[PDB]
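Trainee: This is the structure I want to talk about, given as structure tokens.
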Amino acid sequence: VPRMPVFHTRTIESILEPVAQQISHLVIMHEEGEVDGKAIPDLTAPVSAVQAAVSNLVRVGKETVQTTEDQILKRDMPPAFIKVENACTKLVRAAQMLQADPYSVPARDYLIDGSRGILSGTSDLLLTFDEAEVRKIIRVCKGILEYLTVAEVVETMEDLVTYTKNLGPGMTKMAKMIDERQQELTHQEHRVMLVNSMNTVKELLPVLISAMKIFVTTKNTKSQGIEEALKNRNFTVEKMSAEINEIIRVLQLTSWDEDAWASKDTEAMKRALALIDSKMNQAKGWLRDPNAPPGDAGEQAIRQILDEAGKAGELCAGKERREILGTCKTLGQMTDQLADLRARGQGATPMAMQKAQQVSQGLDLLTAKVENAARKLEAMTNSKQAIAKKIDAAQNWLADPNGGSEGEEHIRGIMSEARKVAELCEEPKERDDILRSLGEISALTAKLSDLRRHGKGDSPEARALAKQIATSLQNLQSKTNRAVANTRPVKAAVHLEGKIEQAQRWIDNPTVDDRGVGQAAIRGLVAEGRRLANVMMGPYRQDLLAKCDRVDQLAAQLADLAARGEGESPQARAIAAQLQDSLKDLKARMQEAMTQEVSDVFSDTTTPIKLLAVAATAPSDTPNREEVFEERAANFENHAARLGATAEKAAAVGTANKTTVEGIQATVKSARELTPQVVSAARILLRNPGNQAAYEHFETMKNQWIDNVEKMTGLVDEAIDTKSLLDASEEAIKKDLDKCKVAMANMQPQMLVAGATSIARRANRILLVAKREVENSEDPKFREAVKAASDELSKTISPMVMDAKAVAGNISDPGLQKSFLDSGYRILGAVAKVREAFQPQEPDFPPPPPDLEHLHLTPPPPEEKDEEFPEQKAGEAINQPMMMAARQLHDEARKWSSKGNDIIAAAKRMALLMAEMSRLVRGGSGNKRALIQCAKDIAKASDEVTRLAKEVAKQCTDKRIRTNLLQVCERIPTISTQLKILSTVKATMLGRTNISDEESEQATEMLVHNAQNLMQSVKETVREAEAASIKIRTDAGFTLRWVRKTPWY
């Protein structure tokens, strides 16, 4: 064994960095001898630099084993002191033997083996320190989980002040321990998970204190809301403990998070199940009354459930999945069959009644098929995570602690999570492997447990079975994680811009055989089609579903066509000009449909919250005390879910990049969980008015909710770009005013307030849209124009409240209609002034000037430069997705010109190097010097990109894209230095000296995932750099040349 060279911290970044530089000298001069110049000079000098850093490190560790009391430190530090102090001598011995004879051939095996021991050994030593460092935090977090468990056990005010007095100092120490950690990590995304997870611990601290204030007031003076009180603390203590466990999950990370996928897709099931339950009332309603009309708020509701369940299914399973989408088409055709015969014939016959009842029977059964899938997918995560937590502590039992009292809870405790994964995982076949591997372990554990109570243990039979278990425990553990992974992961699709490129790769180029899903991007677009169609009406449905159907037709024109081998030929050239321009017009209609969808939905933002306050805030009931409030709270949920839903919609359909889409998501997730807690708070705190908590704690939960909804509208506009947004809101205010202008004499009571309600929150919301762009950009001139038309908006909004509110009790015409329509077009003009603000105020559009070059009667330089790269140069052995990443970078880079833009140059070079490197991973067997220099060129080449990426950002004047550029390129230096070290590790490897086939294949997969992160990260930096060069202000430091490439140049 050898599990991993880890580069995850800053302390560990600067020690492994220089160490690979040391062995680098030793590695190139090694191969040099074999080919022609057998010349291995005084190796004492370079070996003195190595010993320098290695000695400083073993001194700290030897002192640690005599002072820390942790035994895992005791069983893992010696091994770290082992290959390090042994391998350092091995190479030191070649310094002395090659001194006499520089040709010692057996010493060449001594040189490559000791060099692998510098990396193996130094790594292992730095992880043993870091693992204990984390354990300090893990023990403290475990301490938090235990104290929350005793939360509901506390009953009195006196005991609450004591509880706050112990959980307060404890939360403040976990605060500081988390702060030390992120400041030290290397992976920018792990810092984002830690900060976000703690931020939720912080928003949950109010909620905890306010839930214990309700429990005391409810135990001394008990009111109808005793049940709900237990429920408010329960939503806090569960969410709090779920965040603590997540934090502990992040803290033990080396590569990236596979488990992240699991709990995120589990979260997708959650918000899909809530959307479905919100419209199951409209679903049954339509099926009940034989002919309670069509396609209106009825048919649309049932078809919406089948689309939302359709999403669940595609991220569900394999055979189980074929039943979810299988039951969607069976209930899909059946629900529309009742929409054909009952809408046309309109005849409620014995069949139409028994068929519509077989549709609802299935709709609820399909609710149970998605629910059981959500129970499992979540239960598969929870069972896996609790194992990883107990594996390291339970391992301190199998390795000879002759006297394991409660260590019995580790195996058996872990064994429990084993059979859970058996039943929870379908596909009865690997379920059987889980149970047979469980029962053979179960017998082996019974052998030792019997021997423990009788004595023995320190004997040849007791030890052979003690080691036989530990080895078959990791085989049961890998089979357990092969239960969650082998079975049901369909991978990556988050945002549109990436999905467009993901599908553009497999389509425009038969570069097939990497089973991720660009073909599920196609599937992703079909999904974004169905949902956007069912929440809208007639004409739109025809044009939108035209695109969707044509996308499947032209895309399938590849599945069966060029899969056998046709096309770059006229067939592929035909789908490439139509599929490429179809998705262009598909996303265009999707975003134009969303833009209008987000204008009409988020208008109000704030209607429910107030309507809940006049109820319990407003006692002295004349109508039905409850009934009125209870149906008003039903209007708060129904509309809150409508905002929630509308929100991820825009999340998965706009320009939100990799970080904004995941934001909106978690925004809606906390929001949907808090939506019931808002209504639940009103119950207890508005049944009995007058209490102190009645308006205190009710206002506290209200605020915590608006805190998520304020941030909602924020993340939402960072995706559907202002310019377009304003159009949909513009035309929609105009048509909502004209509806009030015609309603002007006839029906007026509240048809005028409704018209005064729209312009109210509509124009006030455009004032928010503007105030954001202003604080989101410098640009002195632009900042003025926008604030200029913003001042003409407010000066119009006020007078429109007065003019139209006096028309309530309507007077003549020369006073009502002419006064509010003179101020009415004052709105359409102040708003049109805001529009001119966003459209380039620099020289207008009269520049058509043709050059009519007439001559009769009787040049350009750039021409020379740009490279290309091979396909099928040398690779028929194993995995070359490294070349697939190299082609992803070049295909984007070549789009632009090279001169006057070293960023573009450096990037093209970075793909060429990555190509060479993809050929040196299988062959080589002597090409070690070349692999070393290859990663030194990409490292220096990435230093160029990062230098100029930092500069471009400094000159751009649009905070959003500025911080998004800096961030996406800020992880380039760390990712490139990680490629230098991981390249020197493979340098010494790919040999014949005790070639561990798993260690050479493991170093390959880390040099591959580390090369994927890099080529994908520079690709992104180029696009974000080009966008940043659009807004460069009058005094701009500098501007690079950005021009596209055709036969022009």
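Following the order of the structure tokens, first chain is A, next is B, and so on, with residues numbered from 1 inside each chain and ligands from 1 in the order they appear.
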From a DSSP pass on the backbone, collect the residues of region 498-589 of chain A flagged as helix (DSSP H, G or I) and hand them back as an MDAnalysis selection string.
Mentor: chainID A and resid 498:508 519:534 538:559 570:589
Trainee: Region 761-774 of chain A: which residues within 7 Å, counting only C-alpha atoms, same-chain residues fewer than 4 positions away excluded, as a compact mmCIF listing (two decimals) with N, CA and C atoms, in the first residue's frame?
Mentor:
```txt
# COMPACT_ATOMS: atom_id res chain seq x y z
N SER A 603 -42.92 40.41 -9.32
CA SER A 603 -43.44 41.72 -9.24
C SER A 603 -43.73 42.05 -7.79
N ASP A 604 -44.57 41.21 -7.20
CA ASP A 604 -45.05 41.40 -5.85
C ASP A 604 -44.15 41.18 -4.75
N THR A 757 -51.68 48.95 -8.10
CA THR A 757 -50.85 48.03 -7.33
C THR A 757 -49.69 47.61 -8.22
N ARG A 783 -22.73 55.43 -14.80
CA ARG A 783 -23.30 55.50 -13.49
C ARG A 783 -24.19 56.74 -13.39
N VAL A 786 -27.68 56.25 -15.57
CA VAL A 786 -28.65 55.37 -14.90
C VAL A 786 -29.25 56.02 -13.70
N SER A 790 -33.19 57.30 -13.15
CA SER A 790 -33.74 56.72 -11.93
C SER A 790 -34.40 57.84 -11.11
```
Trainee: Would you please work out which residue, of A:377, A:3, A:350, A:959, is nearest to residue 312 (chain A) when using only C-alpha atoms?
Mentor: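 For residue 312 (chain A), the nearest of the candidates is A:377.
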Trainee: Using only C-alpha atoms, which of the listed residues (A:758, A:1000, A:963, A:385) sits closest to residue 735 (chain A)?
Mentor: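 Going through A:758, A:1000, A:963, A:385 one by one, the smallest distance to residue 735 (chain A) is for A:758.
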Trainee: Write out as a VMD selection string the residues lying within 10 Å of region 426-443 of chain A, counting only C-alpha atoms and excluding same-chain residues fewer than 3 positions away.
Mentor: chain A and resid 317 to 320 376 411 to 412 415 to 416 418 to 423 446 to 449 468 to 470 472 to 473 475 to 477 479 to 480 482 to 483 486 to 487
Trainee: Compile the contact shell of residue 968 (chain A) as a PyMOL selection string: residues with an atom at most 9 Å away, counting only C-alpha atoms, same-chain residues fewer than 2 positions apart removed.
Mentor: chain A and resi 963-966+970-972+1017-1018+1020-1021+1024
Trainee: Neighbours of region 128-134 of chain A within 8 Å (only C-alpha atoms; same-chain residues fewer than 5 positions away dropped), as JSON, numbers by chain?
Mentor: {"A": [73, 76, 77, 251, 252]}
Trainee: Within 6 Å of residue 807 (chain A), counting only C-alpha atoms, which residues qualify if same-chain residues fewer than 3 places away don't, as a ChimeraX atom specification?
Mentor: /A:804,810,816
Trainee: Just N, CA, C and O atoms for this one: save the residues we selected as a PDB file, in the first residue's frame.
Mentor:
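out.pdb was written with the following content:
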```pdb
ATOM      1  N   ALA A 804     -54.387  58.854  -9.566  1.00  0.00           N
ATOM      2  CA  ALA A 804     -55.265  57.712  -9.752  1.00  0.00           C
ATOM      3  C   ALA A 804     -56.046  57.297  -8.507  1.00  0.00           C
ATOM      4  O   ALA A 804     -57.079  56.657  -8.634  1.00  0.00           O
ATOM      5  N   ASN A 810     -64.845  58.638  -8.658  1.00  0.00           N
ATOM      6  CA  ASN A 810     -64.668  59.203  -9.974  1.00  0.00           C
ATOM      7  C   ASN A 810     -65.477  60.529 -10.239  1.00  0.00           C
ATOM      8  O   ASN A 810     -66.660  60.580  -9.918  1.00  0.00           O
ATOM      9  N   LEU A 816     -60.353  63.206 -14.029  1.00  0.00           N
ATOM     10  CA  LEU A 816     -59.870  61.821 -13.791  1.00  0.00           C
ATOM     11  C   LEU A 816     -58.897  61.237 -14.815  1.00  0.00           C
ATOM     12  O   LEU A 816     -57.720  61.018 -14.520  1.00  0.00           O
TER      13      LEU A 816
END
```
Trainee: Restricting the calculation to only C-alpha atoms, which member of A:357, A:346, A:677, A:1010 is positioned closest to residue 287 (chain A)?
Mentor: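 Using only C-alpha atoms, the shortest distance to residue 287 (chain A) belongs to A:357.
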Trainee: Tell me which protein, DNA and RNA residues are within 9 Å of residue 7 (chain A), counting only C-alpha atoms, leaving out same-chain ones fewer than 2 positions away, and put them as number ranges by chain.
Mentor: A: 5, 9-10, 12-13, 16, 123, 186, 254-255, 978
Trainee: Would you compute the distance between CA of residue 273 (chain A) and CA of residue 371 (chain A)? Give it in Å to one decimal.
Mentor: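 Here the two named atoms are 7.5 Å from each other.
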Trainee: Between CA of residue 529 (chain A) and CA of residue 892 (chain A), what is the distance in Å, rounded to a tenth?
Mentor: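 Pair CA of residue 529 (chain A) / CA of residue 892 (chain A) returns 27.9 Å.
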Trainee: Suppose you want the space between CA of residue 51 (chain A) and CA of residue 1003 (chain A); what is it in Å?
Mentor: 25.0 Å
